[PDB]
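**Q** One structure, as C-alpha cells, below. Some questions next.
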Amino acid sequence: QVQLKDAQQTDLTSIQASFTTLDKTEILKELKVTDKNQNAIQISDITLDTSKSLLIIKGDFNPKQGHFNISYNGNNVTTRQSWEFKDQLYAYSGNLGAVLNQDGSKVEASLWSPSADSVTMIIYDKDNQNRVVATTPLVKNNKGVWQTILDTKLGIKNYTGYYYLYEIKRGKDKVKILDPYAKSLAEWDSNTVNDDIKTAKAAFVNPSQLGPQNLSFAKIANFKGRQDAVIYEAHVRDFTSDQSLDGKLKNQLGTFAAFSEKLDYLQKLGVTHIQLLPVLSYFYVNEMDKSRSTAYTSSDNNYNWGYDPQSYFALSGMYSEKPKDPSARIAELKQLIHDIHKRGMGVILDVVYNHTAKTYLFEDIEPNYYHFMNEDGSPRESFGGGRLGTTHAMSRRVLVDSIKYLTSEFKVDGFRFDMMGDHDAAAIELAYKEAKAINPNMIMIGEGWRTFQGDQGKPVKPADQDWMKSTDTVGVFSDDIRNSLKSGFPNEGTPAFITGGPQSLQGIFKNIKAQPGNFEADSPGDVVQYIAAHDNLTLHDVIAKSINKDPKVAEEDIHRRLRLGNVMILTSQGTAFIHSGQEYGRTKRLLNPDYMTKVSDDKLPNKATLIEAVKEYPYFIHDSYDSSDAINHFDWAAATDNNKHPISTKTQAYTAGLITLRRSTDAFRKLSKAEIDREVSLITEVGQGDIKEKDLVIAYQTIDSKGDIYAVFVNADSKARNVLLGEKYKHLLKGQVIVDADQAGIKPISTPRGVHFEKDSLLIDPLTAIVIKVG
Ligand SMILES: [Ca+2]
Ligand SMILES: [Ca+2]
Ligand SMILES: [Ca+2]
Ligand SMILES: [Ca+2]
Ligand SMILES: [Cl-]
Ligand SMILES: [Cl-]
Ligand SMILES: [Cl-]
Ligand SMILES: [Cl-]
Ligand SMILES: [Cl-]
C-alpha cells in the first residue's frame with residue numbers, strides 16, 4: 025500500500041516526499057531521484073517519518089539542475105519548491121515596478137517571477153487602452169527578477185499615460201498579469217473581463233511630479249499619541265452623494281475633489297483624523313458609470329465599499345473626476361489630503377491585505393508562493409479571492425512597501441487594517457516600524473478579530489486582540505464596549521446599556537477605563553473605543569431595533585439614547601472612534617415600495633433587519649456593501665438643516681460639544697493603565713443608593729494633570745434615578761454643569777436641564793447624561 029504522492033525541495037540538500045503510508049533498507053532499493061535531464065542523482069541518506077508518512081531524502085540537489093523527479097513503484101512526481109526555499113533562492117530587496125525618467129523618454133521596469141520561462145510586456149495606447157502598440161521581452165536575473173528598459177526602440181517618445189500588462193509563460197501555458205507594484209491604472213470596468221484579459225491594466229506614471237509639491241504630514245494641535253486621536257470613518261462616495269448637494273457642489277459627486285468641499289463641517293465637528301474606506305483599486309466596479317442609484321436597494325449596485333482588492337499601490341479610479349487619465353487620481357488624493365492637513369486634521373487609510381478579489385491576481389504571477397497555502401501547495405482563499413501570506417518574504421514586501429509608499433508619497437497619518445487578525449504580528453510590526461520611521465506621529469489601528477488561518481500546520485503569532493499584551497504599536501477595536509453598550513455580534517438587537525438591558529457596572533466601568541473583558545489591554549492606547557462603524561446596523565437603527573420602536577413616533581427617544589452612547593465613547597479612555605453619521609443619527613432604512621410592509625421569508629430583502637414595531641418600511645440594512653446611494657448617502661439636511669430636522673441637528677451639536685470636551689482635557693486621554701486605575705474611579709459602586717450589580721445607570725470621576733476634576737453621569741434608565749455621592753463625592757455639588765440633557769461643551773450651563781442638586785446626591789432625569797466640572 026506504500027505509494028508516492030508528492031515531493032517538495034526545502035533546502036539545497038533536502039527533499040521531503042509524501043507517501044500514502046510508511047508502515048529503510050527495502051525502500052533505498054526502490055526510491056530513485058533524477059534531475060531535469062533525466063540523469064540519476066545520488067541519495068546520500070534517507071529518514072523515515074512514519075507519523076507524517078513522509079520520507080526525507082538527502083543529497084546534492086542543485087536547484088539549477090532542478091526540478092527533480094522522485095520515483096517509486098511506477099509513480100513519478102516532480103518536486104515543488106517550498107515557499108521557504110523560494111525565499112532562500114529568490115528573496116529580493118531591490119526596486120520593483122515601473123519607473124519613468126524625468127521627461128518620460130525611458131521606463132525602467134522590474135517584475136519578480138522566479139518560475140517563469142519568459143516574461144513579455146504588452147503596451148497599450150494611453151488614449152485607447154484596448155489598442156496594443158508594442159511588446160518587448162524582459163531578462164531574468166539570479167533572484168528571479170525580470171527586467172527591461174523601455175526607450176526609442178518601441179517607437180514611443182513619451183511613455184507617460186501608456187498602459188501595460190505582463191505575459192508570463194510557464195511551459196505550454198501563457199497568462200496576462202497585473203503588475204502588483206503598479207502606481208496607477210487604466211480606467212476599469214469589470215464587465216470587460218474575459219478569458220484573456222481579466223485584470224485592470226497598469227499605467228506608467230510619476231507620482232512625485234503630481235499634486236501639491238509641498239505636501240506634508242498633519243499638524244494636529246495637542247496631539248501627543250494614539251490616545252489623543254478622535255477618528256471619523258467616511259466612505260468617499262457616501263459623504264457627497266446626497267441629491268441635496270446638486271447645484272451646491274463645484275466638483276463631481278462622490279469624488280476626492282467633492283469631499284474637500286465638505287471638510288469645514290468636519291473641522292467644526294472637531295475630529296482629529298478622517299478615516300477613508302478603501303481608496304486603493306477594487307475589482308467589482310465600473311468606474312465609467314458615476315450615476316446615482318436612486319432606488320432603495322441592498323444588492324446589484326455599482327456602489328462598493330472597496331473590500332475586493334485589485335491593487336495595493338494603485339488608487340481606484342472611482343473617486344477621480346478623470347479616470348481615463350492615470351495621473352489625475354494621484355493628484356486628486358494628494359490635494360484632498362493637503363486640504364485635510366490645512367484644516368488641522370489628519371488622514372487614515374483603510375487597507376485590505378487580508379485578501380484579494382481574485383486568487384489569480386497573484387497566483388498567475390508566481391504559483392505556490394504569494395498566498396497562505398495548504399500542505400498540497402494549493403492557495404487558501406477568502407471572500408472569493410486569495411489569502412495573502414504575509415509571512416512569505418515577497419508577500420510581506422507587498423504589504424510593507426505599499427504602507428511605505430502610501431505614507432511617504434501621500435503623507436498619510438495613519439492606517440486601519442481590515443481583518444488584521446488574519447496576519448502574522450511580525451508583518452504588521454514591521455509595517456508600523458517602517459511607517460513610524462518615515463512619520464514619527466504615525467498611528468495604526470485594525471480589526472483584531474481572532475480569525476488567523478496562515479499556512480496549514482505552520483502556527484504563527486497573529487496580529488489580533490491577544491497581541492495587545494505584547495505590543496504598544498497598533499490598537500484594536502473593542503467589540504466588548506460595543507456589545508455592552510448597544511449590542512453586536514453574535515446578538516445584534518439585544519437590549520444593552522443604552523437600550524434597556526441591565527449590564528454589570530464593573531464591566532462597563534472597566535471598559536470606560538480601556539480595560540475590555542475579552543482581551544488584555546496593558547495600555548489604554550491598545551483599545552479603539554466604538555459603538556458603530558460602516559459594518560452592521562447604524563447606531564440609530566440598532567437602537568430602534570433593540571427597543572423595538574418605530575422612528576415615526578419614537579425619533580426623540582431614540583436620539584436621547586443615541587446621545588448617551590456618544591457621551592460614553594467620548595469620555596472613555598483610549599482612542600475614540602466615530603462612524604460618519606453617528607453624530608446626527610444616520611439611518612439605512614429601506615424606503616422601497618416593494619417593502620412597505622413585512623414580506624415573506626422567501627422574498628426577504630438582502631442584508632436587511634426587520635423592526636416589528638414599524639408600520640411603513642420596516643426593513644433596515646445591516647450590511648450596505650452593495651446598496652444604493654439612496655441607502656448609503658450622508659444626509660446633509662439631517663446633519664445641518666436646523667429648521668427642517670431639529671432632532672438630528674440637536675444630536676450633532678451635542679456630539680460636536682462632546683468632542684470639544686474630550687480634547688479640552690487629558691482627564692479623558694490618560695497615557696497609562698497605572699494612572700487610569702489611580703485617577704479614574706467608580707461613583708456608582710454596587711450598593712450605593714439603589715444601584716444594583718447589573719444596572720442601567722452609571723457615574724464615574726476622572727481628574728486631569730492640572731487636577732481639575734470631571735464627573736460623568738449617565739442615567740440610561742426609563743425612570744429618574746437618584747445618584748448617591750456621600751462624603752466621598754460631595755465636593756461635586758460645588759461644581760459647574762457643562763453637559764446636560766440639551767447641550768454639551770466646556771462652558772458652564774447657567775440653568776441645567778435634567779438634573780437636580782440635593783444634600784449629598786444628584787437626581788437625574790431618565791435618558792439623560794450630566795457632566796460636572798470642579799475647577
Ligand atoms: Ca468645534
Ligand atoms: Ca488614458
Ligand atoms: Ca499593549
Ligand atoms: Ca457593488
Ligand atoms: Cl484618474
Ligand atoms: Cl463585526
Ligand atoms: Cl428617528
Ligand atoms: Cl451610525
Ligand atoms: Cl427631526
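The opening position of the sequence shown corresponds to residue 25 in the working numbering, with each subsequent residue numbered one higher.
Beta carbons: idealized from backbone N, C-alpha and C, even for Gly.
Our contact map puts residue 110 next to residue 393 with C-beta atoms below 8 Å; I'd like the distance itself, whole angstroms only.
**A** Confirmed, about 6 Å.
**Q** Less than 8 Å between the C-beta atoms of residue 371 and residue 361, yes or no?
**A** Yes, these two residues count as a Cβ contact at 8 Å.
**Q** Residue 735: beta carbon under 7 Å from a heavy atom of ligand 5?
**A** Result no, Cβ not under 7 Å from ligand 5.
**Q** So the candidates are 130, 595, 63; which of them puts its Cα closest to the Cα of residue 181?
**A** Selected option, being the one with the closest Cα: 130.
**Q** Kindly list the residues whose CB is nearer than 7 Å to the CB of residue 765, restricted to its own chain and excluding five residues on each side of it in sequence; keep chain order.
**A** Contacts found: 777, 778, 789, 792.
**Q** Could you have a look at residue 158 and say whether DSSP puts it in helix, strand or coil?
**A** Looking at residue 158 - three-state DSSP - the assignment turns out to be strand.
**Q** Between residue 60 and residue 141, what straight-line distance do the alpha-carbon atoms span, to the nearest angstrom?
**A** Approximately 14 Å, taken between the alpha carbons.
**Q** Report all residues from its chain with a CB closer than 6 Å to the CB of residue 480; omit the five preceding and five following residues, and keep chain order.
**A** Closer than 6 Å at the Cβ level, and outside the excluded window around residue 480, lie 398, 399.
**Q** If we call anything under 8 Å between Cβ atoms a contact, is residue 605 one with residue 658?
**A** Yes, they are a contact pair.
**Q** DSSP beta-bridge partners for residue 553?
**A** BP columns for residue 553 point to 600.
**Q** Ligand 2 heavy atoms versus the CB of residue 185: any closer than 7 Å?
**A** Indeed, a heavy atom of ligand 2 lies less than 7 Å from the Cβ.
**Q** Look up residue 299 in the DSSP assignment and give the residues it is bridged to.
**A** According to DSSP, residue 299 bridges with 257, 372.
**Q** Does the Cβ-Cβ distance between residue 502 and residue 551 come in under 8 Å?
**A** Yes.
**Q** Is the distance from the Cβ of residue 527 to the Cβ of residue 607 below 8 Å?
**A** No, the pair does not count as a contact, with Cβ atoms beyond the cut-off.
**Q** How far does the beta strand (DSSP E) with residue 142 in it extend, from its first residue to its last?
**A** Run containing residue 142: 142 to 149, per the beta strand (DSSP E) assignment.
**Q** The beta strand (DSSP E) that contains residue 499, what's its start and end?
**A** Run containing residue 499: 498 to 501, per the beta strand (DSSP E) assignment.
**Q** Quick one: give me the first and last residue of the beta strand (DSSP E) that residue 133 is part of.
**A** Run containing residue 133: 131 to 136, per the beta strand (DSSP E) assignment.
**Q** Can you tell me where the beta strand (DSSP E) with residue 627 in it begins and where it stops?
**A** Premise fails: residue 627 is in no beta strand (DSSP E) and is neither H nor E.
**Q** Applying the 10 Å Cβ sphere with the 16-neighbour rule, what's the burial state of residue 517?
**A** Buried.
**Q** So is the beta-carbon of residue 325 under 7 Å away from any non-hydrogen atom of ligand 4?
**A** True, at least one ligand heavy atom lies under 7 Å from that Cβ.
**Q** Note down, in chain order, each residue of its chain lying with its Cβ closer than 6 Å to the Cβ of residue 745, except the 5 sequence neighbours on either side.
**A** So the list reads 721, 739, 788, once near-sequence residues are dropped.
**Q** At 3 residues or longer, and completely inside the region 669 to 748: list those beta strand (DSSP E) runs for me, N to C.
**A** For the region 669 to 748, whole beta strand (DSSP E) runs of length 3 or above, ordered along the chain, are 721 to 727, 733 to 739, 745 to 748.
**Q** For residue 34, which residues from the same chain have a beta carbon less than 7 Å from its beta carbon, with the 5 sequence-adjacent residues on both sides left out?
**A** These residues qualify, in order along the chain: 40, 106, 108, 109.
**Q** Residue 52: buried (16+ other C-beta within 10 angstroms of its C-beta) or exposed?
**A** Exposed, because fewer than 16 other Cβ atoms sit within 10 Å of the Cβ of residue 52.
**Q** Who are the near neighbours of residue 753 in its chain, counting only those whose CB is closer than 6 Å to its CB and skipping five residues on each side?
**A** Closer than 6 Å at Cβ, skipping near neighbours: 707.
**Q** Do you know how far the Cα of residue 227 is from the Cα of residue 304?
**A** If I take the Cα positions, the gap works out to 14 Å.
**Q** Quick check on the DSSP output: the beta strand (DSSP E) that includes residue 42 runs from which residue to which?
**A** Start and end: 38 to 43.
**Q** Distance check for residue 473 and residue 388, CA to CA, integer angstroms please.
**A** About 30 Å.
**Q** In the region 411 to 460, which residue ranges form an unbroken beta strand (DSSP E) of at least 3 residues, counting only runs that do not cross its ends?
**A** Segments of the beta strand (DSSP E) lying fully in the region 411 to 460: 438 to 441.
**Q** Please list the terminal residues of the continuous alpha helix (DSSP H) segment that includes residue 752.
**A** Residues 750 to 753.
**Q** Considering only C-alpha positions, which residue in the set 287, 624, 427, 434 is nearest to residue 451?
**A** Looking at the Cα atoms, 427 is the closest of the given residues.
**Q** Closer than 7 Å between the C-beta and any heavy atom of ligand 8: which residues qualify, listed along the chain?
**A** Cβ atoms closer than 7 Å to ligand 8 belong to 556, 562, 563, 564, 603, 605, 606, 610.
**Q** Taking any heavy atom of ligand 3 as the mark, which residues have a C-beta closer than 5 Å to it, listed down the chain?
**A** Here the list is 492, 496, 546, 547, 550.
**Q** I think residue 781 touches residue 757, with their Cβ atoms under 8 Å apart; what is that distance to the nearest whole Å?
**A** Confirmed, about 6 Å.
**Q** If you compare alpha carbons, which of 508, 683, 225, 70 is closest to residue 214?
**A** Nearest option by C-alpha distance: 225.
**Q** Considering only the alpha carbon of each residue, which of 570, 187, 242 lies closest to residue 348?
**A** Closest option to residue 348, Cα to Cα, is 187.
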